[PDB]
Undergrad: 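Encoded as C-alpha coordinates, here's the structure I'll be asking about.
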Amino acid sequence: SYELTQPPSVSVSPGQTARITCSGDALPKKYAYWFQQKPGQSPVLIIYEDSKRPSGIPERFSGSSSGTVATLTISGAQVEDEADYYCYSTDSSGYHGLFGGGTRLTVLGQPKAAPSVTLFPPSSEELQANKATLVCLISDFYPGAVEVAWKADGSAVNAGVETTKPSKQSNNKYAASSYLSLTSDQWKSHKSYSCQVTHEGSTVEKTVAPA
Amino acid sequence: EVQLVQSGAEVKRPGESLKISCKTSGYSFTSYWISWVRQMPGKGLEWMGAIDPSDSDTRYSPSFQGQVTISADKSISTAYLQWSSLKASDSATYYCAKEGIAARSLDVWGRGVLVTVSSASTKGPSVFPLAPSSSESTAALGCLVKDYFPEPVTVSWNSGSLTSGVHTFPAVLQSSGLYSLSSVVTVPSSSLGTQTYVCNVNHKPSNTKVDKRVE
(Lines give C-alpha, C1' and ligand atoms only; values in the text may rest on other atoms or scores of the structure.)
Protein backbone atom coordinates (compact mmCIF):
# COMPACT_ATOMS: atom_id res chain seq x y z
CA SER A 1 0.00 0.00 0.00
CA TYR A 2 1.02 3.61 0.65
CA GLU A 3 3.48 4.39 3.44
CA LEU A 4 5.20 7.32 5.11
CA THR A 5 8.82 6.47 5.97
CA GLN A 6 10.74 8.14 8.80
CA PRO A 7 14.14 7.43 10.34
CA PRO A 8 13.60 5.47 13.56
CA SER A 9 15.95 7.70 15.56
CA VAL A 10 17.72 11.06 15.37
CA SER A 11 20.23 12.39 17.91
CA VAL A 12 21.10 16.06 18.42
CA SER A 13 23.16 18.02 20.88
CA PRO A 14 21.45 20.92 22.70
CA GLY A 15 21.50 24.08 20.62
CA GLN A 16 22.05 22.18 17.37
CA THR A 17 19.54 21.81 14.56
CA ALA A 18 17.66 18.53 14.16
CA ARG A 19 16.02 17.48 10.90
CA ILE A 20 13.41 14.71 10.85
CA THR A 21 12.38 13.47 7.41
CA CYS A 22 9.18 11.84 6.19
CA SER A 23 9.05 10.24 2.74
CA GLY A 24 5.81 9.57 0.85
CA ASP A 25 4.72 9.24 -2.79
CA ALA A 26 1.80 11.66 -2.44
CA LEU A 27 3.59 14.39 -0.46
CA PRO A 28 4.19 16.45 -3.67
CA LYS A 29 0.40 16.83 -3.86
CA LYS A 30 -0.77 16.52 -0.22
CA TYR A 31 -0.22 18.43 3.01
CA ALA A 32 2.00 16.95 5.70
CA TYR A 33 1.34 17.33 9.43
CA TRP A 34 3.70 16.82 12.36
CA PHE A 35 2.80 15.52 15.82
CA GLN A 36 4.96 15.44 18.95
CA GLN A 37 4.33 12.70 21.51
CA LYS A 38 5.83 12.46 24.99
CA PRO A 39 5.41 9.40 27.25
CA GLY A 40 1.95 8.89 28.72
CA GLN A 41 0.57 11.83 26.73
CA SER A 42 -1.60 12.32 23.66
CA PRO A 43 0.03 13.64 20.46
CA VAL A 44 0.41 17.40 20.04
CA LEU A 45 0.20 19.14 16.66
CA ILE A 46 3.46 20.95 15.85
CA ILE A 47 3.18 21.74 12.12
CA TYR A 48 0.14 21.66 9.86
CA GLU A 49 -0.21 22.08 6.09
CA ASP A 50 3.52 21.42 5.48
CA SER A 51 4.80 24.62 7.07
CA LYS A 52 2.23 26.35 9.33
CA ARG A 53 2.72 26.62 13.10
CA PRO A 54 -0.21 26.51 15.53
CA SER A 55 -0.55 29.15 18.24
CA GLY A 56 1.83 28.54 21.13
CA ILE A 57 4.22 26.12 19.38
CA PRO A 58 7.84 27.30 19.89
CA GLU A 59 9.37 29.34 17.06
CA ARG A 60 12.18 26.79 16.64
CA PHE A 61 9.83 24.26 14.99
CA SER A 62 9.45 24.72 11.23
CA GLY A 63 8.18 22.51 8.43
CA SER A 64 8.81 22.13 4.73
CA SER A 65 8.02 19.69 1.93
CA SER A 66 10.23 19.17 -1.13
CA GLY A 67 9.53 16.42 -3.61
CA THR A 68 8.47 13.28 -1.77
CA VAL A 69 10.16 14.33 1.51
CA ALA A 70 8.63 16.43 4.28
CA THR A 71 11.05 17.70 6.92
CA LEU A 72 10.50 18.89 10.47
CA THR A 73 13.37 21.21 11.41
CA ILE A 74 14.09 21.96 15.07
CA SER A 75 16.54 24.86 15.23
CA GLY A 76 18.48 25.02 18.48
CA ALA A 77 17.01 21.84 19.94
CA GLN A 78 16.25 21.83 23.66
CA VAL A 79 16.12 18.91 26.08
CA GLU A 80 12.36 19.46 26.39
CA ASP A 81 12.11 18.68 22.65
CA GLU A 82 13.07 15.06 23.33
CA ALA A 83 10.03 13.08 22.15
CA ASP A 84 8.67 10.90 19.37
CA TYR A 85 7.70 12.81 16.23
CA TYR A 86 5.12 11.49 13.76
CA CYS A 87 4.38 12.82 10.31
CA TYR A 88 0.82 12.46 9.06
CA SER A 89 -0.84 12.85 5.68
CA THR A 90 -3.34 11.06 3.45
CA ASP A 91 -3.28 8.57 0.62
CA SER A 92 -3.42 9.97 -2.91
CA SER A 93 -7.23 9.92 -2.89
CA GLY A 94 -7.35 12.03 0.28
CA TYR A 95 -9.90 9.77 1.98
CA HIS A 96 -7.59 7.88 4.38
CA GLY A 97 -5.19 9.18 7.00
CA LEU A 98 -1.69 7.77 7.38
CA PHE A 99 1.08 8.16 9.96
CA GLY A 100 4.77 7.71 9.45
CA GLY A 101 6.49 5.14 11.63
CA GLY A 102 7.73 7.83 14.02
CA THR A 103 11.16 9.19 14.90
CA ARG A 104 12.61 9.11 18.41
CA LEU A 105 14.48 12.38 18.93
CA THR A 106 17.28 12.11 21.49
CA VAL A 107 18.62 15.42 22.83
CA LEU A 108 21.86 14.54 24.57
CA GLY A 109 22.73 17.28 27.06
CA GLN A 110 24.40 15.00 29.58
CA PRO A 111 27.62 12.98 29.27
CA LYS A 112 27.62 9.37 28.16
CA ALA A 113 27.40 7.03 31.15
CA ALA A 114 28.29 3.35 31.22
CA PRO A 115 25.75 0.91 32.70
CA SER A 116 25.99 -0.58 36.17
CA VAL A 117 25.14 -4.29 35.90
CA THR A 118 24.16 -6.72 38.66
CA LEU A 119 23.52 -10.41 37.89
CA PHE A 120 21.77 -12.65 40.44
CA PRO A 121 21.85 -16.46 40.43
CA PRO A 122 18.63 -18.41 41.08
CA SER A 123 17.35 -18.67 44.62
CA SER A 124 17.33 -22.04 46.36
CA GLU A 125 13.53 -21.75 46.70
CA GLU A 126 13.10 -21.48 42.93
CA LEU A 127 15.64 -24.27 42.35
CA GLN A 128 13.68 -26.53 44.70
CA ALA A 129 10.74 -25.95 42.33
CA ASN A 130 12.99 -27.16 39.48
CA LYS A 131 13.24 -23.67 37.95
CA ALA A 132 16.11 -21.20 37.63
CA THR A 133 15.64 -17.55 36.64
CA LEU A 134 18.79 -15.47 36.13
CA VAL A 135 18.18 -11.76 36.78
CA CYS A 136 20.35 -9.15 35.06
CA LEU A 137 19.69 -5.61 36.31
CA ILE A 138 21.07 -2.65 34.35
CA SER A 139 21.06 0.94 35.61
CA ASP A 140 22.49 4.45 35.25
CA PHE A 141 23.23 4.35 31.58
CA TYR A 142 23.11 7.23 29.09
CA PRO A 143 21.98 7.46 26.32
CA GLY A 144 19.02 5.14 26.78
CA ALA A 145 19.90 2.27 24.45
CA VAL A 146 21.47 -1.11 25.23
CA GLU A 147 21.76 -4.56 23.69
CA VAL A 148 21.72 -7.62 25.95
CA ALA A 149 22.94 -11.13 25.12
CA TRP A 150 23.45 -14.23 27.25
CA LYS A 151 26.10 -16.94 27.13
CA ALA A 152 26.39 -20.39 28.69
CA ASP A 153 29.95 -21.77 28.94
CA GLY A 154 30.87 -19.42 26.09
CA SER A 155 28.04 -20.57 23.81
CA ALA A 156 25.16 -18.43 22.60
CA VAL A 157 21.84 -18.66 24.42
CA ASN A 158 19.21 -18.74 21.69
CA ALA A 159 15.96 -18.82 23.69
CA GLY A 160 14.41 -17.90 27.02
CA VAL A 161 15.70 -14.32 27.15
CA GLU A 162 13.26 -11.53 28.00
CA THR A 163 14.64 -7.99 28.03
CA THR A 164 12.88 -4.72 28.77
CA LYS A 165 13.13 -1.53 26.82
CA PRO A 166 15.09 1.19 28.64
CA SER A 167 13.16 3.32 31.11
CA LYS A 168 14.12 6.77 32.28
CA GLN A 169 15.25 7.06 35.90
CA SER A 170 14.77 10.11 38.07
CA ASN A 171 18.32 11.22 37.45
CA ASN A 172 17.71 11.16 33.73
CA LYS A 173 19.78 8.14 33.13
CA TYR A 174 18.22 4.83 32.05
CA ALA A 175 17.52 1.41 33.44
CA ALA A 176 16.63 -1.97 31.95
CA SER A 177 16.53 -5.61 32.97
CA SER A 178 16.99 -8.95 31.27
CA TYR A 179 15.84 -12.39 32.39
CA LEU A 180 17.02 -15.86 31.38
CA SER A 181 14.51 -18.58 32.33
CA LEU A 182 16.09 -22.01 32.81
CA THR A 183 15.21 -25.31 34.39
CA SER A 184 17.11 -26.38 37.48
CA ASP A 185 18.78 -29.13 35.42
CA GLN A 186 19.94 -26.64 32.77
CA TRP A 187 21.41 -24.32 35.42
CA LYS A 188 23.39 -27.20 36.95
CA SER A 189 24.52 -28.47 33.52
CA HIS A 190 26.89 -25.55 32.87
CA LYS A 191 29.92 -24.14 34.63
CA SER A 192 28.79 -20.53 34.23
CA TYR A 193 26.31 -18.15 32.63
CA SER A 194 26.96 -14.56 31.58
CA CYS A 195 24.80 -11.51 30.95
CA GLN A 196 26.41 -9.26 28.32
CA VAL A 197 25.33 -5.62 28.15
CA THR A 198 26.48 -3.58 25.16
CA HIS A 199 26.27 0.22 25.40
CA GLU A 200 27.75 2.75 22.95
CA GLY A 201 29.98 0.16 21.30
CA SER A 202 31.44 -1.42 24.46
CA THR A 203 30.29 -4.33 26.60
CA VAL A 204 30.14 -5.21 30.29
CA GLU A 205 29.69 -8.90 31.15
CA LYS A 206 28.62 -10.31 34.51
CA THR A 207 28.94 -14.02 35.28
CA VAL A 208 27.35 -16.40 37.78
CA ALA A 209 28.19 -20.04 38.47
CA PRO A 210 26.29 -22.85 40.21
CA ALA A 211 27.82 -23.10 43.68
CA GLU B 1 -14.27 24.24 24.68
CA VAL B 2 -14.32 21.06 22.61
CA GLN B 3 -14.19 18.02 24.89
CA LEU B 4 -13.89 14.33 24.05
CA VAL B 5 -14.46 11.90 26.93
CA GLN B 6 -13.52 8.27 26.36
CA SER B 7 -14.66 5.13 28.16
CA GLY B 8 -12.41 3.46 30.72
CA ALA B 9 -9.61 0.91 30.53
CA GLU B 10 -10.46 -2.61 29.36
CA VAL B 11 -8.85 -6.02 29.87
CA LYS B 12 -10.22 -8.56 27.40
CA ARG B 13 -9.33 -12.01 26.08
CA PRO B 14 -8.77 -12.98 22.42
CA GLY B 15 -12.08 -13.74 20.74
CA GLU B 16 -14.13 -11.54 23.08
CA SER B 17 -16.22 -8.63 21.84
CA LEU B 18 -15.55 -5.02 22.80
CA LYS B 19 -17.22 -1.65 22.21
CA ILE B 20 -15.49 1.54 23.34
CA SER B 21 -16.99 5.01 23.27
CA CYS B 22 -16.15 8.67 22.76
CA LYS B 23 -18.66 11.25 24.02
CA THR B 24 -18.14 14.77 22.69
CA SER B 25 -19.30 18.24 23.70
CA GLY B 26 -18.61 21.87 22.87
CA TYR B 27 -19.34 21.64 19.13
CA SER B 28 -21.88 20.34 16.62
CA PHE B 29 -21.40 16.56 16.81
CA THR B 30 -22.94 15.83 13.40
CA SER B 31 -20.97 18.58 11.61
CA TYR B 32 -17.52 16.92 11.78
CA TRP B 33 -16.03 13.52 11.08
CA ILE B 34 -14.63 11.51 14.00
CA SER B 35 -11.40 9.57 13.48
CA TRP B 36 -10.10 6.63 15.49
CA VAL B 37 -6.33 6.21 15.99
CA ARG B 38 -4.54 3.44 17.89
CA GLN B 39 -1.06 2.84 19.27
CA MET B 40 0.14 -0.62 20.22
CA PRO B 41 2.58 -0.68 23.18
CA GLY B 42 5.97 0.59 22.06
CA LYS B 43 4.74 1.07 18.48
CA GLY B 44 3.62 3.99 16.32
CA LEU B 45 0.35 5.77 15.73
CA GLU B 46 -2.07 4.12 13.29
CA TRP B 47 -5.06 5.72 11.60
CA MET B 48 -7.87 3.15 11.74
CA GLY B 49 -10.89 4.87 10.21
CA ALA B 50 -13.44 7.63 10.51
CA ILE B 51 -17.20 8.18 10.53
CA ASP B 52 -19.33 11.09 9.31
CA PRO B 53 -22.18 11.36 11.87
CA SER B 54 -24.24 13.42 9.39
CA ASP B 55 -24.88 10.42 7.14
CA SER B 56 -23.15 7.36 8.74
CA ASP B 57 -20.48 7.36 6.02
CA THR B 58 -17.40 5.42 7.12
CA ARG B 59 -13.85 5.16 5.81
CA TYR B 60 -11.32 2.56 6.95
CA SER B 61 -7.61 2.05 6.54
CA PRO B 62 -6.98 -1.06 4.39
CA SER B 63 -5.30 -2.63 7.44
CA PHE B 64 -8.53 -2.39 9.49
CA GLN B 65 -11.36 -2.44 6.91
CA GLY B 66 -13.86 -5.20 7.67
CA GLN B 67 -12.23 -6.12 11.01
CA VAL B 68 -13.67 -3.29 13.16
CA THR B 69 -16.88 -1.28 13.04
CA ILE B 70 -17.16 2.46 13.73
CA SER B 71 -20.59 3.82 14.62
CA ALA B 72 -22.23 6.87 16.18
CA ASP B 73 -25.32 7.86 18.17
CA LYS B 74 -26.15 11.53 17.58
CA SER B 75 -28.77 11.50 20.36
CA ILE B 76 -25.96 11.39 22.93
CA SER B 77 -23.16 12.87 20.76
CA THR B 78 -21.15 9.64 21.08
CA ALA B 79 -18.94 7.77 18.63
CA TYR B 80 -18.01 4.12 19.01
CA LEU B 81 -15.39 1.62 17.91
CA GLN B 82 -16.23 -2.06 18.23
CA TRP B 83 -14.92 -5.56 17.57
CA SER B 84 -16.93 -8.75 17.39
CA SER B 85 -13.81 -10.87 18.04
CA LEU B 86 -10.61 -9.28 19.36
CA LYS B 87 -7.10 -10.37 18.43
CA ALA B 88 -4.24 -10.44 20.93
CA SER B 89 -2.43 -7.86 18.78
CA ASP B 90 -5.35 -5.46 19.41
CA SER B 91 -3.74 -4.47 22.73
CA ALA B 92 -3.32 -0.72 22.25
CA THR B 93 -4.23 2.75 23.39
CA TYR B 94 -7.19 3.91 21.29
CA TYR B 95 -7.83 7.60 20.61
CA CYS B 96 -10.85 9.30 19.14
CA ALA B 97 -10.32 12.63 17.42
CA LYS B 98 -12.62 15.33 16.11
CA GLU B 99 -11.59 16.10 12.55
CA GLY B 100 -10.97 19.56 11.14
CA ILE B 101 -12.35 21.08 7.96
CA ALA B 102 -9.98 19.22 5.65
CA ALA B 103 -10.79 15.53 5.26
CA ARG B 104 -8.71 13.43 7.69
CA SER B 105 -7.20 16.46 9.42
CA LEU B 106 -7.07 15.82 13.17
CA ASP B 107 -8.31 18.70 15.32
CA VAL B 108 -8.99 17.72 18.96
CA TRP B 109 -7.86 14.40 20.48
CA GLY B 110 -9.37 12.33 23.24
CA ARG B 111 -7.11 11.26 26.08
CA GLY B 112 -7.14 7.65 24.89
CA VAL B 113 -8.29 4.39 26.42
CA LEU B 114 -5.95 1.52 27.32
CA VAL B 115 -7.17 -1.81 25.92
CA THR B 116 -5.33 -4.97 26.99
CA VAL B 117 -6.05 -8.18 25.07
CA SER B 118 -4.40 -11.16 26.72
CA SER B 119 -4.87 -14.88 27.30
CA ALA B 120 -3.21 -14.60 30.72
CA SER B 121 -5.37 -15.07 33.78
CA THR B 122 -5.16 -12.79 36.78
CA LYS B 123 -2.39 -14.18 38.96
CA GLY B 124 -0.46 -12.87 41.92
CA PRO B 125 3.32 -13.06 41.76
CA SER B 126 5.66 -15.64 43.17
CA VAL B 127 8.28 -13.67 45.12
CA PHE B 128 11.80 -15.08 45.37
CA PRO B 129 14.74 -13.61 47.31
CA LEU B 130 17.79 -12.28 45.46
CA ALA B 131 21.14 -12.54 47.23
CA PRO B 132 24.78 -12.80 46.13
CA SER B 133 26.70 -16.04 46.42
CA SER B 134 28.12 -16.70 49.88
CA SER B 135 33.09 -8.58 49.12
CA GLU B 136 31.97 -7.55 52.58
CA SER B 137 31.37 -3.92 53.31
CA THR B 138 27.97 -3.72 51.62
CA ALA B 139 25.72 -6.28 49.98
CA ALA B 140 23.10 -6.20 47.22
CA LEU B 141 19.80 -7.85 48.16
CA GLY B 142 16.60 -8.03 46.19
CA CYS B 143 13.33 -9.68 45.29
CA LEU B 144 12.27 -11.34 42.05
CA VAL B 145 8.55 -10.70 41.45
CA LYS B 146 7.73 -13.52 39.04
CA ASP B 147 4.81 -14.36 36.74
CA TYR B 148 1.96 -11.99 37.60
CA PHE B 149 -0.93 -10.48 35.65
CA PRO B 150 -2.09 -7.78 35.10
CA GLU B 151 -0.11 -4.64 35.86
CA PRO B 152 0.59 -2.91 38.21
CA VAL B 153 2.79 -4.03 41.11
CA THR B 154 4.34 -1.79 43.76
CA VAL B 155 7.34 -2.68 45.92
CA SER B 156 8.63 -1.28 49.20
CA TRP B 157 11.33 -2.43 51.60
CA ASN B 158 10.86 -2.84 55.36
CA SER B 159 7.33 -1.40 55.05
CA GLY B 160 8.67 1.76 53.40
CA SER B 161 11.20 2.51 56.15
CA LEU B 162 14.05 1.65 53.75
CA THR B 163 14.22 3.87 50.67
CA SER B 164 17.87 4.88 50.30
CA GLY B 165 19.53 2.88 47.53
CA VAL B 166 16.33 1.10 46.49
CA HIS B 167 15.97 0.48 42.74
CA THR B 168 12.73 -1.12 41.55
CA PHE B 169 12.78 -1.98 37.86
CA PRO B 170 9.86 -1.81 35.43
CA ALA B 171 8.40 -5.18 34.53
CA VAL B 172 9.20 -7.31 31.51
CA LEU B 173 6.24 -8.70 29.57
CA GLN B 174 6.94 -12.34 28.75
CA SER B 175 5.72 -14.22 25.69
CA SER B 176 3.44 -16.14 28.06
CA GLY B 177 1.62 -12.85 28.70
CA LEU B 178 2.76 -12.78 32.33
CA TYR B 179 4.88 -10.02 33.86
CA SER B 180 7.99 -10.16 36.04
CA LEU B 181 9.96 -7.42 37.78
CA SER B 182 12.77 -7.10 40.32
CA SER B 183 13.67 -4.72 43.13
CA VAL B 184 17.17 -4.41 44.60
CA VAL B 185 18.71 -2.52 47.52
CA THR B 186 22.30 -2.11 48.75
CA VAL B 187 22.68 -2.58 52.51
CA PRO B 188 25.62 -2.49 54.92
CA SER B 189 27.12 -5.89 55.67
CA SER B 190 27.42 -4.88 59.33
CA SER B 191 23.61 -4.86 59.40
CA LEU B 192 23.49 -8.34 57.81
CA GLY B 193 22.74 -10.31 60.98
CA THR B 194 21.04 -7.63 63.07
CA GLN B 195 18.94 -5.92 60.35
CA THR B 196 16.16 -7.89 58.71
CA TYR B 197 15.29 -7.03 55.11
CA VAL B 198 11.79 -7.65 53.76
CA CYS B 199 10.41 -6.65 50.37
CA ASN B 200 6.72 -5.79 50.40
CA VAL B 201 5.15 -6.65 47.03
CA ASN B 202 1.60 -5.44 46.44
CA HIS B 203 -0.51 -6.68 43.51
CA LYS B 204 -3.91 -5.02 43.92
CA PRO B 205 -5.42 -6.69 40.78
CA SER B 206 -5.23 -10.09 42.55
CA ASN B 207 -5.73 -8.66 46.07
CA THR B 208 -2.37 -10.19 47.02
CA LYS B 209 0.52 -8.74 49.01
CA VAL B 210 3.71 -10.69 49.73
CA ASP B 211 6.29 -9.76 52.37
CA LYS B 212 9.40 -11.76 51.50
CA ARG B 213 12.28 -11.96 53.97
CA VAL B 214 15.65 -11.79 52.20
CA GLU B 215 18.65 -13.37 53.91
Side-chain angles (χ1 to χ4, degrees), chain A residues 1-2 6 30-31 33 35 37 40-41 43-45 48-49 84 86 88-91 93-103 116 118-127 129 131 133 135-140 162-167 169 175-179 181 208-211, chain B residues 35 37 39 41-42 44-50 59-63 93 95 97 99-100 102-112 126-134 140-144 146-147 167-176 179-184 186 212 214:
Chain A
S1 199
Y2 180 103
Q6 300 178 239
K30 300 300 192 198
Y31 282 135
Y33 303 76
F35 294 94
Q37 189 185 37
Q41 307 181 10
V44 170
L45 182 69
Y48 65 103
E49 298 174 16
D84 293 333
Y86 292 90
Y88 174 83
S89 191
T90 65
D91 63 333
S93 72
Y95 287 110
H96 303 106
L98 291 141
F99 290 95
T103 299
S116 172
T118 299
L119 175 60
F120 288 100
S123 64
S124 43
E125 295 180 33
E126 196 189 14
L127 286 172
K131 297 304 186 62
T133 305
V135 178
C136 188
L137 303 180
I138 314 165
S139 65
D140 294 312
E162 305 273 8
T163 304
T164 68
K165 293 177 173 128
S167 51
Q169 294 174 171
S177 48
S178 186
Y179 297 84
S181 296
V208 292
Chain B
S35 270
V37 173
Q39 189 170 35
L45 302 167
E46 310 175 71
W47 186 83
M48 296 177 68
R59 301 279 185 178
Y60 295 88
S61 152
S63 296
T93 297
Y95 302 91
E99 293 201 355
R104 304 305 80 80
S105 65
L106 305 174
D107 184 21
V108 180
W109 292 66
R111 290 153 170 88
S126 303
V127 180
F128 295 100
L130 300 173
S133 275
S134 179
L141 307 181
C143 282
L144 203 216
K146 186 180 172 194
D147 287 346
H167 198 340
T168 298
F169 289 74
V172 73
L173 175 54
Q174 313 168 51
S175 46
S176 65
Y179 295 90
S180 297
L181 66 80
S182 302
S183 179
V184 61
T186 299
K212 188 59 164 170
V214 184

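As a basis for the values below, the full set of heavy atoms in this structure was taken, side chains included, without hydrogen atoms, waters or symmetry mates. Numbers restart at 1 for each chain; the letters A, B, ... are given by sequence-line order, proteins then strands.
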Undergrad: Holding to side-chain contact (heavy atoms from CB on, under 4.5 Å), I want the full list of residues that pass it with B:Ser175, two or more places apart in sequence or in another chain.
TA: A:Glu162

Undergrad: Compare every heavy atom of A:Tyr88 with every heavy atom of B:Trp47, then report the nearest pair and how far apart it is.
TA: CD1-OH, 3.8 Å

Undergrad: So for B:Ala171, is it side chain, backbone, both, or neither that comes closer than 4.5 Å to the heavy atoms of chain A?
TA: backbone

Undergrad: Given that the side chain runs from C-beta out, which part of B:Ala131 has a heavy atom under 4.5 Å from chain A: side chain, backbone, both or neither?
TA: backbone

Undergrad: Looking at A:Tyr33, A:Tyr179, A:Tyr48, which one has more heavy-atom pairs under 4.5 Å with chain B than the rest?
TA: A:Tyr179

Undergrad: Please classify the contact of B:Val172 with chain A as side chain, backbone, both or neither, using a heavy-atom distance under 4.5 Å.
TA: both

Undergrad: Sub-3.5 Å donor-acceptor pair from the side chain of B:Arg104 to the main-chain atoms of A:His96, do we have one?
TA: no

Undergrad: Chain B: which of A:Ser89, A:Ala209, A:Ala176, A:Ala211 shares the most heavy-atom pairs with it under 4.5 Å?
TA: A:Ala176

Undergrad: Write down the atom of B:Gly42, the atom of A:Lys165, and the distance for their closest heavy-atom approach.
TA: CA-NZ, 3.7 Å

Undergrad: Which atoms of B:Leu144 come close to chain A, meaning under 4.5 Å heavy atom to heavy atom: side chain ones, backbone ones, both, or neither?
TA: side chain

Undergrad: Using the rule given for side-chain contact (heavy atoms from CB on, under 4.5 Å), can you reason through A:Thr133 versus B:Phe128, listing the C-alpha separation, both sets of side-chain angles and the distance that settles it, and then say yes or no?
TA: CA-CA 10 Å; A:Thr133 305; B:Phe128 295 100; over 6 Å; no

Undergrad: Looking at A:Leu137, A:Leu98, A:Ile138, A:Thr163, which makes the most heavy-atom pairs under 4.5 Å with chain B?
TA: A:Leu137

